[PDB]
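One structure is given below, encoded as C-alpha cells.
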Amino acid sequence: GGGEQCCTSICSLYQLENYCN
Amino acid sequence: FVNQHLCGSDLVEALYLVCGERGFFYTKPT
Numbered sequence: 007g008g009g010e011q012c013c014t015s016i017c018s019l020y021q022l023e024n025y026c027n
Numbered sequence: 024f025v026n027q028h029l030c031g032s033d034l035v036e037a038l039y040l041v042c043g044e045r046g047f048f049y050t051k052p053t
C-alpha cells in the first residue's frame, strides 16, 4: 500500500498510541 | 493484543480505536 508500519510487521496498542495526541 | 496486521484503512481503524478521545493524528493513507 505505500508507507506502512503495522502491516507486514506487528506493533501493539502502544505504537498505535504514539499516533494520537 | 493478539496477532493483528493492519495495512491502511485497517490501520486508521486501530488509530481511531486507540486514541478515542486523547486525540488522534495521521498523514496520508495507503
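First to last, the protein sequences are chains X and V. Those letters in the first sequence? Residues 7 to 27, by this note's numbering. Those letters in the second sequence? Residues 24 to 53, by this note's numbering. Note that CB positions come from ideal geometry on N, CA and C, so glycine has one too.
Which one of V/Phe47, V/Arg45 and V/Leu34 has the shortest CA to CA distance from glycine 8 of chain X?
Distances from the alpha-carbon of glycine 8 of chain X to those of V/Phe47, V/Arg45 and V/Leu34 put V/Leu34 closest.
Expressed to the nearest angstrom, what Euclidean distance is found between the alpha-carbon atoms of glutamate 23 of chain X and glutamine 11 of chain X?
Approximately 14 Å, taken between the alpha carbons.
Output yes or no for whether 8 Å exceeds the beta carbon distance between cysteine 30 of chain V and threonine 53 of chain V.
Judged by their CB atoms, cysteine 30 of chain V and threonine 53 of chain V are nearer to each other than the 8 Å cut-off.
Helix, strand or coil at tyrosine 25 of chain X according to DSSP, with G and I counted as helix
Looking at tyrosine 25 of chain X - three-state DSSP - the assignment turns out to be coil, as it is neither helix nor strand.
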